[PDB]
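Q: This is structure_28.txt, which holds compact mmCIF, C-alpha atoms:
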```txt
# COMPACT_ATOMS: atom_id res chain seq x y z
CA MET A 91 60.97 24.40 146.34
CA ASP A 92 64.01 25.97 147.99
CA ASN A 93 67.46 24.44 148.31
CA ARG A 94 67.96 25.19 152.00
CA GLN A 95 66.58 22.63 154.40
CA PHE A 96 65.62 23.17 158.02
CA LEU A 97 66.68 20.21 160.11
CA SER A 98 65.23 19.69 163.56
CA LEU A 99 66.30 16.69 165.63
CA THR A 100 65.72 15.81 169.28
CA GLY A 101 67.87 13.69 171.57
CA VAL A 102 70.87 15.99 171.29
CA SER A 103 72.82 15.81 174.53
CA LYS A 104 76.39 16.81 173.62
CA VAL A 105 77.90 18.94 170.85
CA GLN A 106 81.27 17.57 169.73
CA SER A 107 81.77 19.66 166.60
CA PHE A 108 79.99 22.57 164.96
CA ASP A 109 80.99 23.87 161.55
CA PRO A 110 78.63 25.23 158.84
CA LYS A 111 79.93 22.38 156.65
CA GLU A 112 80.15 19.55 159.21
CA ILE A 113 78.44 19.11 162.58
CA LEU A 114 78.97 16.31 165.11
CA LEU A 115 76.08 15.96 167.53
CA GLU A 116 76.15 13.29 170.22
CA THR A 117 72.60 12.00 170.49
CA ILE A 118 70.76 9.31 172.49
CA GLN A 119 72.37 6.23 170.93
CA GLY A 120 74.83 7.66 168.43
CA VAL A 121 76.75 10.62 167.03
CA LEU A 122 75.24 12.41 164.05
CA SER A 123 77.51 13.86 161.39
CA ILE A 124 75.78 16.63 159.46
CA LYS A 125 77.72 17.50 156.32
CA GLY A 126 77.08 20.24 153.76
CA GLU A 127 77.59 24.00 153.56
CA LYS A 128 76.12 27.16 155.14
CA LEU A 129 74.67 25.14 158.03
CA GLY A 130 73.81 28.23 160.04
CA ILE A 131 71.77 28.66 163.24
CA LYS A 132 72.39 26.69 166.43
CA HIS A 133 70.56 26.01 169.68
CA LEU A 134 72.94 27.46 172.26
CA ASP A 135 70.70 26.19 175.02
CA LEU A 136 69.40 22.63 174.87
CA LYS A 137 65.90 23.61 175.95
CA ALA A 138 64.10 20.50 174.71
CA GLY A 139 67.42 18.89 173.84
CA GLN A 140 66.78 19.56 170.17
CA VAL A 141 68.80 21.07 167.35
CA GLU A 142 67.39 23.26 164.58
CA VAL A 143 69.69 24.24 161.72
CA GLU A 144 69.24 25.85 158.31
CA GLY A 145 71.41 25.45 155.25
CA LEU A 146 72.53 23.13 152.49
CA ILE A 147 72.80 19.75 154.17
CA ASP A 148 74.40 17.33 151.74
CA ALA A 149 74.67 14.27 153.97
CA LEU A 150 73.34 13.01 157.30
CA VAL A 151 75.52 10.30 158.83
CA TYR A 152 74.58 8.23 161.87
CA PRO A 153 76.93 5.52 163.22
CA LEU A 154 76.44 2.01 161.91
CA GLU A 155 75.44 -0.57 164.54
CA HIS A 156 78.39 -1.67 166.70
CA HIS A 157 79.51 -4.52 164.43
CA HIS A 158 76.88 -7.18 165.22
CA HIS A 159 74.74 -7.17 162.00
CA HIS A 160 73.79 -10.82 162.74
CA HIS A 161 75.42 -11.52 159.39
CA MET B 20 64.11 6.90 178.33
CA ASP B 21 61.74 6.76 175.36
CA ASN B 22 64.64 6.65 172.88
CA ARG B 23 62.37 8.03 170.16
CA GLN B 24 63.86 11.02 168.41
CA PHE B 25 61.93 13.47 166.25
CA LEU B 26 63.45 14.03 162.84
CA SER B 27 61.98 16.77 160.67
CA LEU B 28 63.18 17.68 157.19
CA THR B 29 62.00 20.32 154.74
CA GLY B 30 62.48 20.17 150.99
CA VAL B 31 61.03 16.71 150.48
CA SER B 32 59.70 16.68 146.94
CA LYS B 33 58.64 13.04 146.72
CA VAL B 34 58.38 9.95 148.90
CA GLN B 35 59.95 6.74 147.60
CA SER B 36 58.95 4.07 150.09
CA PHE B 37 57.12 4.22 153.42
CA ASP B 38 57.82 1.54 156.01
CA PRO B 39 57.66 1.98 159.84
CA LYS B 40 61.23 0.69 159.95
CA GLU B 41 62.68 2.35 156.85
CA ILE B 42 61.66 5.66 155.27
CA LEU B 43 62.89 6.59 151.80
CA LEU B 44 62.47 10.23 150.79
CA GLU B 45 63.33 11.77 147.43
CA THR B 46 64.88 15.13 148.23
CA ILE B 47 67.30 17.72 146.80
CA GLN B 48 70.64 15.89 147.01
CA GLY B 49 69.14 12.46 146.50
CA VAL B 50 67.28 9.80 148.44
CA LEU B 51 67.41 9.98 152.22
CA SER B 52 67.27 6.56 153.83
CA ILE B 53 65.91 6.75 157.37
CA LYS B 54 66.46 3.52 159.28
CA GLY B 55 65.24 2.61 162.75
CA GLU B 56 62.33 1.32 164.81
CA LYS B 57 58.75 2.67 164.73
CA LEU B 58 59.36 5.20 161.96
CA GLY B 59 55.97 6.86 161.90
CA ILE B 60 55.22 10.27 160.46
CA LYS B 61 54.11 13.04 162.80
CA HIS B 62 51.06 14.19 160.83
CA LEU B 63 49.86 14.79 157.27
CA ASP B 64 53.39 14.80 155.93
CA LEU B 65 54.89 15.01 152.42
CA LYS B 66 52.45 17.87 151.87
CA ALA B 67 54.07 21.32 151.70
CA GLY B 68 57.35 19.51 151.06
CA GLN B 69 57.98 18.82 154.73
CA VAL B 70 58.28 15.46 156.50
CA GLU B 71 58.40 14.91 160.24
CA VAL B 72 59.11 11.40 161.49
CA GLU B 73 59.27 10.04 165.01
CA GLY B 74 60.87 6.83 166.17
CA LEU B 75 63.90 5.04 167.50
CA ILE B 76 66.28 5.79 164.66
CA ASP B 77 69.20 3.45 164.02
CA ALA B 78 71.09 5.20 161.23
CA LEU B 79 70.69 7.67 158.38
CA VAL B 80 71.86 7.14 154.83
CA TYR B 81 72.42 10.23 152.71
CA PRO B 82 74.66 9.79 149.63
CA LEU B 83 77.22 12.52 148.93
CA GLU B 84 75.85 12.58 145.37
CA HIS B 85 78.20 11.31 142.71
CA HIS B 86 79.23 14.93 142.64
CA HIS B 87 82.72 14.76 144.15
CA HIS B 88 82.61 15.14 147.98
CA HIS B 89 84.47 11.83 148.31
CA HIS B 90 87.95 12.76 149.50
```
Give the structure from this file in structure tokens form.
A:
Amino acid sequence: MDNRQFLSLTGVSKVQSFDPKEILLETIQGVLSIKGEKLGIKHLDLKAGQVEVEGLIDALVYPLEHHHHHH
Amino acid sequence: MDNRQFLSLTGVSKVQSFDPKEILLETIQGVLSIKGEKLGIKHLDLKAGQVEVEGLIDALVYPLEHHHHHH
């Protein structure tokens, strides 16, 4: 069991921020905030529109539903 | 068009709860809460410490530990 995780996600259309400690990827229905450290490796070309990163990802944050909730 | 995104994570030591709308994985920094629609696993997952899920994800919940981070 290693501490580095390899994260692969599809639906990535627009890159709004890329830092090895915080990455903002604009995906199909939301923007993903990838927080951690040593988040190396990036898809420079959106071949299948997917991202594949390696490092110590501490938190994965997707946007909460636009208010709504039904509650 | 399909709106399903493929989310793959390595370093998954244990699974907490498995529901096709909400996946709970016990990993390095804590429990990763995957929320969405049709959250099915790609194959024989959990094995090898890797989990691939496909579906129309709504949001991701990953706690910044209780280990600082919050600033």
Q: Residues of chain A that have any atom at most 9 Å from an atom of chain B: could you tabulate them with the shortest-distance atom pair and the distance in Å to one decimal, using only C-alpha atoms, ordered by chain and increasing number, as a tab-separated table?
A:
```
residue	atom	partner	partner_atom	distance
A:91	CA	B:30	CA	6.5
A:92	CA	B:30	CA	6.7
A:93	CA	B:47	CA	6.9
A:94	CA	B:30	CA	7.5
A:95	CA	B:29	CA	5.1
A:96	CA	B:29	CA	5.7
A:97	CA	B:28	CA	5.2
A:98	CA	B:27	CA	5.2
A:99	CA	B:26	CA	4.8
A:100	CA	B:24	CA	5.2
A:101	CA	B:24	CA	5.8
A:118	CA	B:22	CA	6.7
A:119	CA	B:22	CA	8.0
A:120	CA	B:77	CA	8.3
A:122	CA	B:79	CA	8.7
A:125	CA	B:83	CA	8.9
A:140	CA	B:25	CA	8.7
A:147	CA	B:48	CA	8.4
A:148	CA	B:48	CA	6.2
A:149	CA	B:81	CA	4.8
A:150	CA	B:81	CA	5.4
A:151	CA	B:79	CA	5.5
A:152	CA	B:78	CA	4.7
A:153	CA	B:78	CA	6.2
A:154	CA	B:78	CA	6.3
A:155	CA	B:77	CA	7.4
```
Q: Mind checking which residues fall within 6 Å of residue 45 of chain B, counting all atoms listed in the file, ignoring those fewer than 2 positions away in the same chain, and posting them as a count of residues only?
A: 4
Q: Once chain A sits on chain B after a least-squares Cα superposition, all atoms in order, what's the RMSD?
A: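 The root-mean-square deviation of C-alpha positions is 2.1 Å.
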Q: Quick one: distance from atom CA of residue 38 of chain B to atom CA of residue 74 of chain B in Å, one decimal?
A: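 Separating atom CA of residue 38 of chain B from atom CA of residue 74 of chain B is a distance of 11.9 Å.
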Q: Could you please determine the separation between atom CA of residue 111 of chain A and atom CA of residue 130 of chain A in Å, to one decimal place?
A: 9.1 Å
Q: So how far away is atom CA of residue 113 of chain A from atom CA of residue 127 of chain A, in Å?
A: 10.3 Å
Q: Around segment 93-101 of chain A, fit a box with edges along x, y and z, padding it by 3 Å on each side, then list its centre and edge lengths in Å to one decimal as JSON.
A:
```
{"center_x": 66.6, "center_y": 19.4, "center_z": 159.9, "size_x": 8.7, "size_y": 17.5, "size_z": 29.3}
```
Q: Some atoms are missing, so please complete segment 24-43 of chain B with N, CA, C and O atoms and return it as a compact mmCIF listing (two decimals), in the coordinates of the input.
A:
```txt
# COMPACT_ATOMS: atom_id res chain seq x y z
N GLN B 24 63.40 9.70 168.77
CA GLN B 24 63.86 11.02 168.41
C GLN B 24 62.99 11.55 167.28
O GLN B 24 62.51 10.78 166.45
N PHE B 25 62.75 12.85 167.28
CA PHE B 25 61.93 13.47 166.25
C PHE B 25 62.81 14.07 165.17
O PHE B 25 63.63 14.95 165.44
N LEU B 26 62.67 13.56 163.96
CA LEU B 26 63.45 14.03 162.84
C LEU B 26 62.55 14.71 161.82
O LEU B 26 61.66 14.09 161.25
N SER B 27 62.77 16.00 161.61
CA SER B 27 61.98 16.77 160.67
C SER B 27 62.86 17.35 159.58
O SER B 27 63.92 17.92 159.85
N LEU B 28 62.42 17.19 158.33
CA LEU B 28 63.18 17.68 157.19
C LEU B 28 62.27 18.42 156.22
O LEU B 28 61.17 17.97 155.91
N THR B 29 62.73 19.58 155.76
CA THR B 29 62.00 20.32 154.74
C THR B 29 62.67 20.14 153.39
O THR B 29 63.86 19.84 153.32
N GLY B 30 61.91 20.30 152.32
CA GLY B 30 62.48 20.17 150.99
C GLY B 30 62.32 18.76 150.44
O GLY B 30 63.08 18.33 149.58
N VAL B 31 61.32 18.05 150.95
CA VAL B 31 61.03 16.71 150.48
C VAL B 31 60.03 16.77 149.34
O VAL B 31 58.85 17.05 149.54
N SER B 32 60.51 16.53 148.13
CA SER B 32 59.70 16.68 146.94
C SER B 32 58.81 15.46 146.71
O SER B 32 57.65 15.59 146.30
N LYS B 33 59.35 14.28 146.97
CA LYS B 33 58.64 13.04 146.72
C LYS B 33 59.01 11.99 147.76
O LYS B 33 60.11 12.00 148.30
N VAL B 34 58.08 11.09 148.06
CA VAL B 34 58.38 9.95 148.90
C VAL B 34 58.63 8.73 148.02
O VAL B 34 57.96 8.54 147.01
N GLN B 35 59.62 7.92 148.38
CA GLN B 35 59.95 6.74 147.60
C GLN B 35 59.24 5.52 148.17
O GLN B 35 58.44 4.87 147.49
N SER B 36 59.52 5.22 149.43
CA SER B 36 58.95 4.07 150.09
C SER B 36 58.66 4.41 151.55
O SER B 36 59.45 5.11 152.20
N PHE B 37 57.54 3.93 152.05
CA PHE B 37 57.12 4.22 153.42
C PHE B 37 56.95 2.94 154.22
O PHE B 37 55.99 2.18 154.02
N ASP B 38 57.90 2.67 155.10
CA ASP B 38 57.82 1.54 156.01
C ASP B 38 58.17 2.00 157.41
O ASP B 38 59.12 2.76 157.58
N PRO B 39 57.42 1.57 158.44
CA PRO B 39 57.66 1.98 159.84
C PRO B 39 59.00 1.51 160.41
O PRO B 39 59.22 1.56 161.62
N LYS B 40 59.89 1.03 159.55
CA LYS B 40 61.23 0.69 159.95
C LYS B 40 62.26 1.33 159.02
O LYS B 40 63.44 1.44 159.35
N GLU B 41 61.79 1.81 157.87
CA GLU B 41 62.68 2.35 156.85
C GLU B 41 61.94 3.34 155.96
O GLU B 41 61.06 2.95 155.18
N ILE B 42 62.29 4.61 156.07
CA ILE B 42 61.66 5.66 155.27
C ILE B 42 62.59 6.12 154.16
O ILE B 42 63.75 6.46 154.42
N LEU B 43 62.10 6.13 152.94
CA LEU B 43 62.89 6.59 151.80
C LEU B 43 62.26 7.84 151.20
O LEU B 43 61.15 7.80 150.67
```
